[PDB]
Enquirer: 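Below is a structure I'd like to ask you about.
Letters A, B, ... mirror the listed sequences (proteins, then strands); counts begin at 1. What you see below is based on every heavy atom in this structure, not just the backbone, and it leaves out hydrogens, waters and symmetry mates.
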Amino acid sequence: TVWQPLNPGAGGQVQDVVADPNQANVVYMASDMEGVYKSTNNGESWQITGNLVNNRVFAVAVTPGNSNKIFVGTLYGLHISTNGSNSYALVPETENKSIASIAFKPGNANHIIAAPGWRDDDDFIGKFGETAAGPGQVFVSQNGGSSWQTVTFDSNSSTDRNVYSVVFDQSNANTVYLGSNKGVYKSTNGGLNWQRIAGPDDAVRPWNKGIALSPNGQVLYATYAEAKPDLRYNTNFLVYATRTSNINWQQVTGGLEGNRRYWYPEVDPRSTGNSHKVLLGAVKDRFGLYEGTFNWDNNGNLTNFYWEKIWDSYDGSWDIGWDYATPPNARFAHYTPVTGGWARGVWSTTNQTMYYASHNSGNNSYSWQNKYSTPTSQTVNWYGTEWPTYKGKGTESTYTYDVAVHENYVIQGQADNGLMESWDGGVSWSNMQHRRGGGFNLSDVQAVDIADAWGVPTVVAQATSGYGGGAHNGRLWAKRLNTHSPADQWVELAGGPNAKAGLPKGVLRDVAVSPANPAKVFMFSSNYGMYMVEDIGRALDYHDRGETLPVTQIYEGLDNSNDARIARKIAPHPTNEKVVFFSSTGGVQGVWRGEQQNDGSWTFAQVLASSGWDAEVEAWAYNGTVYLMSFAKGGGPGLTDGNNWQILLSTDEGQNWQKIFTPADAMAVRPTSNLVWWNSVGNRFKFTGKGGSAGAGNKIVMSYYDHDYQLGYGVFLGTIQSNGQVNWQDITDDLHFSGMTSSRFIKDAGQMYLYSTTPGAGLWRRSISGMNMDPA
Amino acid sequence: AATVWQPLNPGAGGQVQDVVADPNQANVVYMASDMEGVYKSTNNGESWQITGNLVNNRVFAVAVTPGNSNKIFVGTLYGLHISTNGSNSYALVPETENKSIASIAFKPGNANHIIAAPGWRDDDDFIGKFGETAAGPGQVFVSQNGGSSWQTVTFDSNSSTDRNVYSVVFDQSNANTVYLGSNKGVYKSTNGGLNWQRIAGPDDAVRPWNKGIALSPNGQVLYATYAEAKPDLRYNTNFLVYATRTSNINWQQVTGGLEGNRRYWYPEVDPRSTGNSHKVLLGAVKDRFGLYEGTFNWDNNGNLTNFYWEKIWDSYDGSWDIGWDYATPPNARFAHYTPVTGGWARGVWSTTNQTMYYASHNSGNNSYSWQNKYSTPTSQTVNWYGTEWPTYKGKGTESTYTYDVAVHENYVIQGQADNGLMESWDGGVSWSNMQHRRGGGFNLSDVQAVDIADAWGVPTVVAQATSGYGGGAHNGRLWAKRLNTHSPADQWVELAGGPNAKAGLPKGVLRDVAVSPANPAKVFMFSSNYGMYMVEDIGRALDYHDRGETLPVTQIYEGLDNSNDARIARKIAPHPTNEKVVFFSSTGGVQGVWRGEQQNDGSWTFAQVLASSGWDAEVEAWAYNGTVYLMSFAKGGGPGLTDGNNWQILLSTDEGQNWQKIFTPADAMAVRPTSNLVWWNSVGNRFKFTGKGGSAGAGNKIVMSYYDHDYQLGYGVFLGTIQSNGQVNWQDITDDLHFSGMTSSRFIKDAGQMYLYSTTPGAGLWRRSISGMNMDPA
Ligand SMILES: [Cl-]
Ligand SMILES: [Cl-]
Ligand SMILES: [Zn+2]
Ligand SMILES: [Zn+2]
Ligand SMILES: [Zn+2]
Ligand SMILES: [Zn+2]
Ligand SMILES: [Zn+2]
Ligand SMILES: [Zn+2]
């Protein structure tokens with residue numbers, strides 16, 4: 001172990017949790033950014049599995065009778081493992097074909113169906129050139145996955161082809177149904193020829209959103225929806241049942257909440273008779289989880305049915321973990337298998353989490369268990385209630401923008417989850433303080449830093465509302481670390497919807513404290529300009545009186561042809577508080593330098609004609625030399641190399657630059673033999689990044705990453721030698737998701753570390769050896 | 001050039017002997033300390049600078065030659081020194097070698113006629129350090145050549161009697177007239193000092209000893225104080241003040257208006273009183289009453305028309321800056337008018353005892369404005385006793401006996417004698433000790449040990465702190481200050497000890513208190529002549545204290561047993577990674593390095609592991625690169641290790657089972673040749689290679705300091721580096737540290753740089769940057 005994770009567990013949208021039918025307590029989890037995790041203790045702890053070509057996983061299936069053979073459906077196609085998920089290989093027939101369901105023929109594990117699909121991730125189906133519209137197809141293997149046949153069930157190239165489920169008749173293994181936006185289809189020869197099943201009301205709601213079939217094969221359950229381009233605005237899915245011997249649908253929503261996106265129904269494999277247990281959650285909607293009971297008679301008539309919430313709002317009966325997400329959005333839900341020694345239970349989620357319910361057949365009760373985070377003995381106070389801090393169970397799937405550390409305190413600023421805070425060095429966390437009174441949540445935190453309020457170390461943060469990275473505005477908050485404990489509180493200083501302190505509403509893509517005067521804080525409001533808090537102690541003095549001290553505007557950026565309009569990273573000068581650098585990503589791009597004059601006025605100018613949306617600049621001092629380091633595209637004549645991002649270095653504050661790292665350097669230090677995905681999607685890979693470069697003392701770090709495909713090439717550490725040259729080494733090591741949004745060199749407990757945040761796998765740190773620092 | 005050793009002190013803090021104005025240059029003054037030699041200032045005390053190296057640093061007198069401000073005489077316990085470069089360097093006068101001198105006086109009109117008088121002020125407990133005795137013949141060294149040679153003039157033949165001379169004063173109106181004031185009595189010469197004979201005092205039956213004389217500038221009136229002939233000043237408290245004309249010996253007591261029963265001494269006439277009205281300045285030794293100025297109006301027939309005494313300095317009332325040393329009323333143990341030459345204005349130089357103070361004079365008012373000339377107030381305040389007191393940074397002198405130091409972030413504490421808890425919140429620049437004054441006459445003036453503990457995650461100062469002056473600590477008390485804010489708002493609370501044995505901790509002084517590095521909530525302490533005790537968790541002890549309750553300490557070792565037990569600890573060294581193991585250096589009962597090991601049942605077994613000895617012997621235990629080091633600074637050690645009374649550095653890497661010599665006096669003399677010591681040729685034959693402590697170990701670094709407290713001689717500070725083959729290579733790091741004897745040293749990282757913090761038995765706290773140090777990450 002080299003890279004050390006510091007996360008509270010999970011935190012990203014979970015696609016599925018799949019049980020191994022051959023052995024109780026063995027489960028796999030499909031993440032949308034880090035691939036597949038495995039557990040052999042029913043989710044008490046999770047371990048990463050082998051490397052996939054694409055990490056956006058929609059389906060995992062374990063071969064009945066062979067736990068070593070596992071199939072994984074990803075956005076780029078099907079993978080097969082023959083060593084129990086230790087290693088994976090892309091299946092050539094399905095390359096560039098997103099797969100989201102995998103089903104085995106009952107009694108013949110060599111007969112497999114893998115169906116094109118992508119769950120609700122319509123936003124991502126085009127990342128590799130696919131479209132939602134196309135012929136309706138499935139892939140069928142009859143030799144256990146060595147070869148696959150392409151079967152067409154609909155030939156309309158202009159209609160949505162997403163398949164949501166494939167389900168076999170347990171009582172007649174050659175009968176199989178599929179549920180698709182194309183409709184529900186049936187095959188009586190194992191999936192080689194299909195016929196369409198008419199829906200309950202195809203003129204109005206033709207799209208199927210999942211089917212279920214009773215084990216005796218006699219009853220089909222389905223939900224149906226109107227045709228609309230985006231699930232965001234398609235809210236009412238209705239639930240129906242029909243006998244399969246004569247298609248005649250009846251609506252069976254009596255007892256369900258109205259106007260919900262019910263999907264992926266599923267019959268308990270234990271329902272072998274005329275009473276069927278049907279598990280029903282939904283995409284997006286938060287209502288917990290339903291179990292329905294349908295009592296048919298032997299005439300094929302439904303005597304009665306009833307839906308029961310077996311999971312509901314937070315009420316004290318289950319540990320919600322750190323992710324206070326109530327009611328649960330049960331975006332997947334499965335009964336446990338009847339094989340392998342499994343007990344009867346339910347696997348589900350609150351959306352970003354993993355939950356397992358055990359079942360009491362005496363009183364038909366469910367007991368929900370947190371399978372993503374572990375509470376510690378530390379407590380935080382919020383809503384007048386005490387909540388534990390939580391340490392991860394082995395997974396981490398958060399989009400983390402930035403990180404700051406002071407003594408025992410760590411904060412990572414995340415998308416979706418906002419202010420993620422730790423008071424034990426990053427072992428356990430809580431983000432409860434981001435849920436503010438008045439009904440708004442500080443769910444997007446793009447920058448954090450540590451300032452100085454009259455000698456008291458004070459966290460500063462760009463913290464605003466908005467999910468999925470859709471930050472609403474620039475908004476500056478501060479937390480005085482009086483106790484380095486959960487008792488410390490956040491207060492708002494500037495920005496927000498109310499334009500507090502005269503700070504405009506443009507997002508502060510970075511907030512930076514001056515190392516020379518840590519009371520002074522710089523921030524760049526997107527499309528407005530660069531602003532400054534001269535002394536944060538004075539700003540808090542006004543705040544404590546119920547007043548507000550205005551911020552100072554030091555640069556105006558409102559002209560696209562002449563001004564820098566957006567900044568990604570601000571680098572104050574390490575020793576001169578009247579000089580700052582920033583990387584401009586809007587208007588006139590590149591590294592900009594500003595200098596304050598005696599009358600307090602500033603002059604700004606471009607010092608490197610670079611570009612790139614996530615371009616960074618860093619300035620530090622080491623043994624008498626001030627280094628200026630740019631990670632970006634371009635640079636001008638003699639430096640630009642197409643759209644390749646490069647590391648450029650200057651020792652004279654940006655008047656002269658030297659190219660010290662390129663993609664060719666990266667490939668020589670870390671050959672493409674190290675990348676499982678090079679042969680298949682290397683022709684698409686672009687040498688860019690999400691950020692994550694840093695410099696301190698004699699060390700420099702960077703990471704090549706292409707967010708278009710969630711592909712990370714590697715992490716590279718450079719050592720500045722006594723003569724000026726930089727020698728580079730590969731420090732990727734065991735970091736499996738290596739793209740980086742930010743990196744900082746941080747000394748903790750007398751040892752120098754590299755703290756790095758990732759756009760999908762949270763926070764990691766790594767020991768750095770042989771480092772020299774200036775005494776500071 | 002530049003500086004290496006960096007002082008961190010509030011200013012002065014030790015008994016001040018004198019402040020002498022340069023008559024040739026206004027605002028030029030010299031200060032006589034008893035352990036730092038002579039300080040100089042050219043801005044009338046706004047800032048002080050060190051001067052040249054003396055052979056002995058107990059200075060009793062300083063005099064600048066009239067007409068040549070570059071020739072300066074300095075009287076010390078070992079004799080007169082002479083500088084010809086304005087105090088930059090000194091040479092010891094050979095005729096006065098081993099002769100304590102406390103008075104130097106020049107002849108008016110001819111500065112080549114000088115008188116140097118044997119003396120030692122009130123330092124009767126120090127006159128014997130180099131073999132001298134208080135009893136002896138009354139004698140005086142006189143020179144007619146400006147200092148080339150000195151002849152010994154005897155004015156009393158009795159060797160049964162005390163010969164201390166207090167003052168020597170010429171007659172400004174006829175330069176060959178001069179008097180001296182001595183425990184012999186008042187003697188007068190019309191010779192310029194070649195023959196003398198005794199003047200009868202006012203009542204030699206009861207009070208034969210004169211404690212200083214003063215002569216009016218016209219030579220016509222003499223003032224004096226006379227004392228009983230009792231040696232110990234603690235039981236001789238009633239000095240009486242008299243006046244006589246010099247035409248007829250006819251003493252008149254002139255105490256009316258003075259406080260009764262005071263040790264009045266060193267009277268002085270304002271050189272401006274050239275007529276028949278005299279202003280007389282009068283302070284005292286020990287007694288605290290401020291400072292008197294007396295006015296004597298004589299008429300030409302020769303009688304005292306009238307006289308009155310007025311307090312020109314008094315109890316603190318807010319009208320003068322008392323500085324950090326809340327010492328009120330002032331004990332004006334010296335007081336001098338400013339000269340009339342050199343452009344000086346009229347003023348008074350004096351002290352509250354450990355300080356330096358200057359008063360300016362308003363003539364159209366007869367008011368004095370007292371100015372703090374030892375420390376500088378900052379803008380930080382300490383709230384105490386309904387008043388907000390500034391913190392104070394030093395003006396260039398430091399004279400405190402400091403036992404120990406502890407640092408956490410911006411907070412620094414010096415544990416001192418006399419001045420108790422000396423605390424800083426800006427890294428040691430400025431200080432306050434006001435919190436040691438607890439009220440009701442209960443002052444924590446002696447703090448022999450400090451450390452930083454951990455109370456539920458909050459760093460917490462722990463201290464042995466008790467009443468008593470001059471190092472006479474009354475008992476052991478454990479105090480704790482939680483550093484909630486690292487600011488003067490943090491407060492001390494007493495956890496255990498005292499005369500009522502709070503928490504079951506007995507009354508013996510906790511000569512050391514040490515926190516376990518493996519578990520910083522656990523604190524060890526050794527109560528002198530009782531044993532070793534433990535606070536298992538200081539947070540839990542504070543939980544009880546905050547409820548108005550007390551959690552008992554734990555006894556882990558009885559030290560009641562003279563022939564079997566260790567009974568006094570000088571330093572406790574808890575094991576760096578195993579909280580069940582503790583070492584300490586025993587300096588009472590069975591001496592040496594002892595090791596205690598906690599067993600399964602919770603009991604402890606202790607045993608001696610080195611047969612060392614020494615009152616200030618130290619032990620240090622630390623870890624570096626997989627080795628646990630145990631280092632002793634002491635004499636002895638047993639067969640193969642003992643070498644007479646020489647202190648040595650012994651090292652062990654197996655918890656004291658086997659030891660090796662790694663530094664000896666021979667190694668020190670090779671690394672730092674005696675060529676570096678100005679005192680070697682005079683008193684080097686007396687120097688013993690001992691120490692007051694100040695050894696330390698951390699990472700690949702070991703430090704020690706050779707120092708003989710019997711003569712206040714420091715040989716040097718030595719730093720050893722642990723090579724990868726296990727051997728230690730030593731270097732001299734004395735550099736500009738002029739007082740280099742040490743009571744404690746700690747290696748401390750501050751803002752990314754390793755520093756050595758060392759406290760000294762007389763010059764406060766100093767720190768030095770340490771290069772090439774490597775630590776285990778922790
Ligand atoms: Cl219904
Ligand atoms: Cl001493
Ligand atoms: Zn998704
Ligand atoms: Zn940032
Ligand atoms: Zn004295
Ligand atoms: Zn100590
Ligand atoms: Zn308690
Ligand atoms: Zn005993």
Side-chain angles (χ1 to χ4, degrees), chain A residues 408 749, chain B residues 404 406-408 413 415 448-465 476-483 492-497 502-506 508 510-527 530-546 549-559 566 569-586 593-606 618-623 628 630 655 697-698 746 748 776 778:
Chain A
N408 59 302
Chain B
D404 206 343
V407 175
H408 192 277
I413 177 163
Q448 291 180 32
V450 291
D451 212 341
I452 311 293
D454 164 55
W456 308 126
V458 190
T460 303
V461 201
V462 299
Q464 150 65 31
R477 302 178 181 257
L478 181 70
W479 296 75
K481 163 176 286 182
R482 286 164 282 198
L483 298 171
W492 291 102
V493 297
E494 183 188 48
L495 285 181
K502 176 183 188 68
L505 183 68
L510 317 178
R511 196 171 177 213
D512 199 41
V513 171
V515 178
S516 156
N519 180 6
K522 173 167 296 177
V523 187
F524 296 94
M525 62 223 69
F526 203 111
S527 187
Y530 288 93
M532 190 167 277
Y533 298 77
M534 178 170 73
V535 173
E536 173 84 30
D537 188 306
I538 188 174
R540 185 165 188 243
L542 286 161
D543 288 350
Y544 276 67
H545 173 277
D546 290 350
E549 293 294 333
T550 312
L551 179 78
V553 301
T554 308
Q555 186 182 301
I556 70 180
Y557 177 77
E558 64 90 7
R570 172 67 172 82
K571 171 146 190 198
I572 299 173
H575 192 289
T577 65
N578 189 350
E579 70 180 288
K580 300 178 151 86
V581 175
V582 65
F583 310 87
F584 68 98
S585 50
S586 173
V593 181
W594 279 69
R595 174 192 184 272
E597 184 183 277
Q598 186 171 37
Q599 308 302 137
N600 284 316
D601 53 5
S603 67
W604 293 73
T605 58
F606 279 73
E618 288 169 324
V619 64
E620 186 98 278
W622 78 98
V628 173
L630 189 68
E655 297 204 8
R746 292 191 199 269
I748 296 182
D776 279 357

Enquirer: Can you tell me how far the NE2 atom of B:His408 sits from the CD1 atom of B:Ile413, to the nearest 0.5 Å?
Expert: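 Answer for the NE2-CD1 pair, B:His408 versus B:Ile413, is 14.0 Å.
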
Enquirer: Fit a plane to each ring of B:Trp594 and B:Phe584, take the angle between them on a 0 to 90° scale, and name the class: parallel (under 30°), tilted (30 to 60°) or perpendicular (over 60°).
Expert: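 B:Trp594 vs B:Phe584 ring planes: parallel.
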
Enquirer: Can you check whether B:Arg477's main-chain N or O pairs, donor with acceptor, with B:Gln464's side chain at less than 3.5 Å?
Expert: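 Yes; judged by distance alone, with no hydrogens or angles, the pair exists.
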
Enquirer: Just to verify, what does B:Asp404 make a salt bridge (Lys or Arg N to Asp or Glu O under 4.0 Å) with, not counting sequence neighbours?
Expert: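 With sequence neighbours excluded, B:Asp404 shows a salt bridge (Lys or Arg N to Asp or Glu O under 4.0 Å) to B:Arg746, given in chain and number order.
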
Enquirer: Quick test of your reading: applying salt bridge (charged side-chain N to carboxylate O under 4.0 Å, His left out), list the pairs with at least one residue in residues 516-526 of chain B, sequence neighbours left out, ordered by first then second residue.
Expert: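 Every pair satisfying salt bridge (charged side-chain N to carboxylate O under 4.0 Å, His left out) with a residue in residues 516-526 of chain B: B:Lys522-B:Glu536, B:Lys522-B:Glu579.
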
Enquirer: Please list, chain by chain and in numerical order, all residues satisfying side chain to side chain donor-acceptor pair (under 3.5 Å) with B:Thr550, sequence neighbours excluded.
Expert: B:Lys502

Enquirer: Without swapping roles, check the side chain of B:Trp479 against the backbone of B:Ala463 for a donor-acceptor pair under 3.5 Å.
Expert: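 Not a single qualifying donor-acceptor pair exists.
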
Enquirer: Look at the side chain of B:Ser516 and the backbone N and O of B:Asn519, then say whether any donor-acceptor pair between them is shorter than 3.5 Å.
Expert: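 Yes: the side chain of B:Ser516 pairs with the backbone of B:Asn519.
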
Enquirer: Would you please name every residue forming a side chain to side chain donor-acceptor pair (under 3.5 Å) with B:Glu597, sequence neighbours left out?
Expert: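 Scan of B:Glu597 (side chain to side chain donor-acceptor pair (under 3.5 Å), adjacent residues dropped) gives B:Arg595.
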
Enquirer: Hey, mind stepping through B:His575 and B:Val582 against side chain to side chain contact (heavy atoms under 4.5 Å, CB included) and telling me if it holds?
Expert: CA-CA 5 Å; B:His575 192 289; B:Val582 65; over 6 Å; no

Enquirer: Could you list the residues that satisfy side chain to side chain donor-acceptor pair (under 3.5 Å) with B:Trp492, not counting sequence neighbours?
Expert: B:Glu423

Enquirer: Salt bridge (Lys or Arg N to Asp or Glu O under 4.0 Å) with B:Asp546: which residues, sequence neighbours excluded?
Expert: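 Per chain and number, B:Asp546 pairs via salt bridge (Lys or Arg N to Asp or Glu O under 4.0 Å) with B:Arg482.
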
Enquirer: Are the side chains of B:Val523 and B:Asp451 in contact, using a 4.5 Å heavy-atom criterion?
Expert: no

Enquirer: For B:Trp456 and B:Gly539, indicate whether the former's side chain and the latter's backbone hold a donor-acceptor pair under 3.5 Å.
Expert: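 Checked: pair present.
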
Enquirer: Short question: side chain of B:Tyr530, backbone of B:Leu505 - any donor-acceptor pair under 3.5 Å?
Expert: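 Such a contact is absent between B:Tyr530 side chain and B:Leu505 backbone.
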
Enquirer: Would you say the side-chain atoms of B:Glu620 pair up with the backbone N or O of B:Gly697, donor to acceptor, closer than 3.5 Å?
Expert: yes

